[PDB]
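Peer 1: An experimental structure, sequence included, is below.
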2 protein chains.
Amino acid sequence: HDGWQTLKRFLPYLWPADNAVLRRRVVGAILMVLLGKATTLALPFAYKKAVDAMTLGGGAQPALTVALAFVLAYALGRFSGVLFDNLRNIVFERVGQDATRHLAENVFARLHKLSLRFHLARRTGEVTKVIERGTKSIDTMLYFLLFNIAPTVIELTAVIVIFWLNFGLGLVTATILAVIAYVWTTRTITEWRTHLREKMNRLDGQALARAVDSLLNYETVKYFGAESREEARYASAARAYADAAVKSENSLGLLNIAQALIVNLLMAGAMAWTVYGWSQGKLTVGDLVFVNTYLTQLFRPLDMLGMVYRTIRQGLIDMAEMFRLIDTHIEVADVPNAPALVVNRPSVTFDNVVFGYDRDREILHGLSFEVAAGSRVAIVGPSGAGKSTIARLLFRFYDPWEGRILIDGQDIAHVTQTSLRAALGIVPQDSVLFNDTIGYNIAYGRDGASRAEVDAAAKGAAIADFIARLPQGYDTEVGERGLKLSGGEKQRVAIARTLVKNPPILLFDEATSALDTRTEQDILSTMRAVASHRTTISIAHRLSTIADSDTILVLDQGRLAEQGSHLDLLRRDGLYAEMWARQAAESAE
Amino acid sequence: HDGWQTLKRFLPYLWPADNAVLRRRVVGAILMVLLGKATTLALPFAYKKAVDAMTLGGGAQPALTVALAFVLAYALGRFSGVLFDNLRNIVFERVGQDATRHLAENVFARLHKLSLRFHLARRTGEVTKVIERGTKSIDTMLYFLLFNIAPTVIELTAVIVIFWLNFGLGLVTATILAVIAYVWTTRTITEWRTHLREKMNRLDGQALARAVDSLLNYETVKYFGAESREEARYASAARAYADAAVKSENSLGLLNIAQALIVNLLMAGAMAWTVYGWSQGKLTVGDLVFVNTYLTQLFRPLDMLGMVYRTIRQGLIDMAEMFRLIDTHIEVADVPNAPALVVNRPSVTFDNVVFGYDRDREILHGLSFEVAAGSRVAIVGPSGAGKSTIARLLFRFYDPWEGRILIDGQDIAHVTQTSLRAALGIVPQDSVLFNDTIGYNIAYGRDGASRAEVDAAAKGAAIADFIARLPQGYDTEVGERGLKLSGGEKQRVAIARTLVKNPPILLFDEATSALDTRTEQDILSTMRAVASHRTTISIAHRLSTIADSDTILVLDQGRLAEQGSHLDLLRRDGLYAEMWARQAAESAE
């Protein structure tokens, strides 16, 4: 966390060396800065020459011409100064916005490329609040640091050197002492004011909370005649808040008093010195109005320094946070020169696969099997065998500790991630919808998803009647901030999403676990309809719902416990039959 | 909604005619206003006299003395101007706070004195947000209207008259044309800027929402490889937001450009005119620096006018709202010369009492009974007979349509409200707690509730063991933003509240309806313990819980349907026995 290395990391994001309009815009910005401060310091010189030409008219008879010219130059220079300041804002704001936009885009890209255990260790609300806080603080920090500190320090040093010329050292040390004591008392009294403002804010919150609670318990307040009690309570809270606000305004008043006091003492000293220097004939009358406009134009923008230090510290913190989110590497990555996963026979094999979510509790121990292509295979077990992890390890969200999963005899740990996630399909246990229209949710499965594929999936999931019954049809806004949908409808949406994706391999990760029995019995026929020519793996909780599979593999504590057809297991009369009778009695009860 | 009548109603709240420190403070405030503007307009006159005395030193040899004196007067006048402005803020802020505090206190008092159907027609959150919006908007409106508009209009008129003197009419019409065109272009371009800012705000909200939703659905986003899709989506939203922000800064830039342009054109014209007037010998050299400091001190505070109109309209709306909440009269009121309800024998009688909550559905029809003092009486019925209203009509929350309720043979519609609510006690169906400590909740029942009465109620409700088991004891913060309590505990708190109140008449308005059977069977013994020597009325839902009463009165559609003891009704074998067997079977099932 250092300003040097932090801003040096930021420096390519402002100076890209790739966009010529960007580098031209930033050099035009600093050009406008220097031009504005130059004309601002250069105008009162012309004003002094005007007053000198008007007062020494014994030698210069066309004082009309000379004074009129220098005076019009003064007015045009003032207008040009404000013109150049607003032009530097106009040229520079797009640069600032594009810098913070590229930084936000890059942290978003690195964030979405980051691995799943990052999104489980922290919360997505924390991440989005830190990035919006980052872009706001970086924008205001860049604006403040480049548009107050550099122009004020240029103006201050030029005023110091322009008083080193044309005047003695006494004016220079007087001005620099006034500047030092000014910024010192401003920083101290602003820290005191911020302390008072924090106290006033929390007292205000207490008063408002007392008010709303006393209003909300109106029935009991009537039940005990405590209206005078509650009025006195609210009055006490409001009185304390009023006294805190009065002390805050007292702090601001003392700030303005100190600032005006020190600047007027400096102005009195400088003007007395220059009128004495006129009296002993060294200095003309223009030097009075010279230092007069200099001081009143100098001491205005110096007030910001205390809040500038705070804002630049906050911007440094936020940029360090965004850069840390950049440099956080991914746990799972593709191998260098990753070949594409090629499928001709969508076969799965688990091979001695070892997994747990965390290293201190191993959940997957000894699974090794083969799922033939085109078949209907089934996974079931108790709540403690941990059947839910199989889809997440098949999608290469986590790599296994030991063992390997091969698709088509090829290591999915050794292929391209996008091809592996392309050849697969999943119905999640909890279906989720984007806050958008339903047609975009259906077309979400493929990037260039066509409308013919959209209503093809809508008839394939048997939801086309539901899209006909909607008022806006496919263009109905759904999800949050839209029309809520039922669970079976959402699962049909997920089925249509998978059919838009069209994989050879699909998975049901407890697709009916949160649904009712009617939607269940309706949806199993649909699942068999998608299960025409694909390799289908189904993990379920209610065995009757998977009673029709080709084979069932029953898992226990990370071991392939049982394997075989439903008739074979209900003839073997073991844990399968026990769970079956358990589910039968639990459904009968 | 007129400013005249609205502010004329507000005028006693600022000028109380009762607090001499308040009237002295407000007259000191306007004194400081006039003194500050007077010294601000009076200083550049002394500056002009200084420059004149320095330039005409052929006649005035002690130009040292004269110029030094007028210059030091100029600097001290500048400091005194800023001094008087901060003093007017210091003296006036307490006045503003006390005015809005008294208005807020009065609307709070009228609100709590208002009747119950007001709190059911509107929401308490709406009421508290309108009063906090009112006090904030009234404070900022009073501050803006009294501390910008009046000083700027005084300064503007004094500048106009001070240019009417010492100069021709041309300067006056030039300055007034510049002021008019200035405020005109400021109002127009500020309205345009506010339009752009609203568009930029809603676009920003859309971009942030897209970001957080794309982060939250991370699993499905990984499930379909749509990282590039979501990155392009977020980039598109951020790009549109950036363009909106650029257009907003363009609006602000054009505002500053127009303002600086018009003020510098006026300054160029005025200075050219006065240097020509010097050239033809009418005007001295001090008139240049005179008009020079006049214009740069004049045109700064004029920018606020467009937002001032908006803020004064909003303050007018909020003050009209607070005044409407004041003038809203109460539906139920005490009779003029209301005698105090006096109790020697706490007897109740209902007499042909007619009630409904609204006039289009009559709920109470023909109830007329007598509850003897010291007895244990019981009310029960179905869900549709409407038994819940009896406590609310006994507390005179609503008056009956026809008929009368007498306590001790006296009309409770004709006694003092505070004595009537003093002689009564209630356990509500839903217990509520203030966000405070538990000991204050126990002491809530009486205004001067002593600690001996507090632990007397705590042992009487059998909650003293629960107050011993608490870490902070009686001083434990409870409720919301504190330790949550269970339902039976909250009912015991309510019982202790009623015992602190100590009435001769108490009511149980479904005291066990939301409690479990164990807390119920524990709490009925406690209810019989409070039922020693008081007139007890109990309305219940589960008849076994009221199977021990002296008599039961069963209500049906606002009629006294059944009356008698439990043995008499279970021997009469009617609707009571049917409800009893219904509750027995519903408890067995």
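Peer 2: Right, received. Where do you want to start? Numbers count the residues shown, from 1 in each chain, chains lettered A, B, ... in the order given.

Peer 1: ok, the residue nearest the centre of chain A - contacts?
Peer 2: Centroid-nearest residue in chain A, with CA atoms, centre = their mean: residue A:131, separated by 2.6 Å. Neighbour list for residue A:131: A:104, A:107-108, A:322, A:325, B:211 [criterion: CB atoms under 8 Å, 6 or more residues apart in numbering or on different chains]. The way it works is simple: take the backbone N, C-alpha and C, and place the C-beta from them, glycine included.

Peer 1: one more time with 10 Å
Peer 2: A:103-104, A:107-108, A:111, A:318, A:321-322, A:325, B:208, B:211-212, B:215 (CB atoms under 10 Å, 6 or more residues apart in numbering or on different chains).

Peer 1: Out of those residues, name the ones that lie in strands.
Peer 2: Applying DSSP state E to the contacts of residue A:131, no entry is found in strands.

Peer 1: What is the neighbour count of residue A:516?
Peer 2: 12 (other CB atoms under 10 Å in any protein chain shown).

Peer 1: from the contacts of residue A:131, which would you call buried?
Peer 2: The neighbour-count test (16 or more other CB atoms under 10 Å in any protein chain shown) marks A:103-104, A:107-108, A:111, A:318, A:321-322, A:325, B:208, B:211-212, B:215 as buried among the contacts of residue A:131.

Peer 1: list the contacts for the closest residue to residue A:265 other than its chain neighbours?
Peer 2: Leaving aside its sequence neighbours, residue A:265 sits nearest to residue A:178 (CB to CB, 6 or more residues apart in numbering or on different chains; 7.4 Å). Listed by CB under 10 Å, 6+ apart, the contact set of residue A:178 reads A:262-263, A:265-267, A:269-270, A:295, A:298-299.

Peer 1: most surrounded residue in the residues you listed?
Peer 2: residue A:270 (25 neighbours).

Peer 1: which one is it nearest to, not counting chain neighbours?
Peer 2: residue A:291 (4.9 Å).

Peer 1: I'd assumed residue A:285 was in contact with the one you found.
Peer 2: No - applying CB atoms under 10 Å as the test, residue A:291 and residue A:285 come out as separate, 11.9 Å apart.

Peer 1: just the strands in the stretch 251-400 of chain A please.
Peer 2: For the stretch 251-400 of chain A, applying DSSP state E, counting those that start in this stretch gives strands covering A:348-355, A:364-371, A:376-380.

Peer 1: The longest helix belonging to chain A packs against which elements?
Peer 2: Secondary structure of chain A per DSSP state H: the longest helix is helix A:227-279. Applying 3 or more CB pairs under 10 Å, 6 or more residues apart in numbering or on different chains; DSSP states H and E, we find helix A:227-279 packed against helix A:169-216, helix A:218-223, helix A:286-298, helix B:20-55, helix B:63-113.

Peer 1: nearest to residue A:578, of these?
Peer 2: When the helices and strands packed on helix A:227-279 are compared by CB to CB, helix A:169-216 sits nearest residue A:578, at 54.6 Å.

Peer 1: and that closest one, how far from the chain's centre?
Peer 2: Helix A:169-216 has its C-alpha centroid displaced from the chain centroid by 30 Å (CA atoms, centre = their mean, to the nearest Å).

Peer 1: and if you look at stretch A:67-74?
Peer 2: 53 Å.

Peer 1: circling back to that earlier point, and what about the residue nearest to the centre of chain A, helix, strand or coil?
Peer 2: Reduced to three states with DSSP: H, G, I helix; E, B strand; the rest coil, the structure at residue A:131 is helix.

Peer 1: Next, residue A:449: phi, psi?
Peer 2: According to degrees, to the nearest 10, the main-chain angles of residue A:449 amount to phi -70, psi 120.

Peer 1: what about the closest residue in space to it that isn't next to it in sequence, how many neighbours?
Peer 2: Closest residue in space to residue A:449, ignoring its immediate chain neighbours: residue A:443 at 3.8 Å, by CB to CB, 6+ apart. Counted with other CB under 10 Å, residues neighbouring residue A:443 total 21.

Peer 1: Repeat that for the one 4 residues further on.
Peer 2: The criterion is other CB under 10 Å. On that basis, residue A:447 has 11 neighbouring residues.

Peer 1: My read is that residue A:570 contacts residue A:580, right?
Peer 2: Yes - the pair residue A:570 and residue A:580 passes the contact test of CB under 10 Å, sitting 6.6 Å apart.
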